[PDB]
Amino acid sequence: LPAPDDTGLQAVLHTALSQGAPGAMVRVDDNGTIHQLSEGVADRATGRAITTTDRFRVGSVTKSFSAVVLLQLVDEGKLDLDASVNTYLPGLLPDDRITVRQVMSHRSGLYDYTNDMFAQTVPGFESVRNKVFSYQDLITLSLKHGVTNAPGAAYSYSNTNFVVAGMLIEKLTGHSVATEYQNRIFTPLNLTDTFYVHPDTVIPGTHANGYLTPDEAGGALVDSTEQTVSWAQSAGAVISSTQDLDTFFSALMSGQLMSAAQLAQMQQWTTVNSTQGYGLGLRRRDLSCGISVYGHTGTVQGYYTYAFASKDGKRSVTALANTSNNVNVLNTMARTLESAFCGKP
């Protein structure tokens, strides 16, 4: 690979601050050589500076943790990817023909209930932040809508799919998703900054605060740090750090977290757009220099995450800006992948 470009990374963070992120940071593990940069503040009211050791909410990167657990269950013979969801969760879905593989690749047609919840950004956050949902509650919200496509027929990202994932994990194992994440992933990889505390609202230890951008341009930022994330759970509630997401996606891509056969299934790509694919709880992004990288993005209120690794896991990058509902920041932070993998032009 090209050398990572730290000057480029510094400019990405500086641009993200100019666009409204209180703080922005990035860590690269380049085959045992670390790159780490941060600019701005973890807490904009106290002025405490952001650092790459600050814990944060990873949002939908959680789906890759859920998918690893599920694929280990496939390895153990407890789950068949082409079986019906309803084989395992009787009566859950009205169409007993929707399969686990379709759910995990966002081809199931299940409507994304969060499109109800967050039509208005700050009101929607205020609605859900202190609510506790069951898994079934969220499925019922989705099923108020008809499916958006026939089973398998179309890619349509939906949080509901990884609510199903968490239900599958809990049913098949008899354990909570927190226990399964801990025993199958966090403990074996020594992810000392990684937690699943749902429905607790506290982020353990030193953390970046999250700042939700209101829909009104120029409006005052909302501290969105402390919330249950119960509207997402196994689709979105993990807490981690740049180092630990780097460790995780390197371990995934280098073949440490499941059989070779199941990693292959995880990397069967459904087209998302002309430069992106989706596997089983995993994204592929194609970079300008002809490199593809593998991992996941997250958007949860106040936090935008990118966490991606090269195909063999030897280079991994995690970037965080502590705002959300700010498309300019989201698009800027993607540039960390170009600077970290493609290097200086």
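Numbers for residues come from their place in the sequence shown, where the first is 1.
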Residue stretch of maximal mean CA temperature factor, 300-308 vs 283-291: 283-291
Of 179-187 and 80-88, the stretch whose C-alpha atoms average the higher B-factor in the entry: 80-88
Residue, from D246, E226, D112, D75, that the PDB entry assigns the highest Cα B-factor: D75
Residue with highest C-alpha B-factor in the PDB entry, from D193, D116, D200, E126: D116
Where the record places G277 (Cα B-factor, split into thirds across the chain): middle
Third of the chain's Cα B-factor distribution that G313 belongs to, per the entry: middle
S241 - Cα temperature factor, lowest/middle/highest third of chain: lowest
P214 - Cα temperature factor, lowest/middle/highest third of chain: middle
Ranked C-alpha temperature factor of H207 among modelled chain residues, by third: lowest
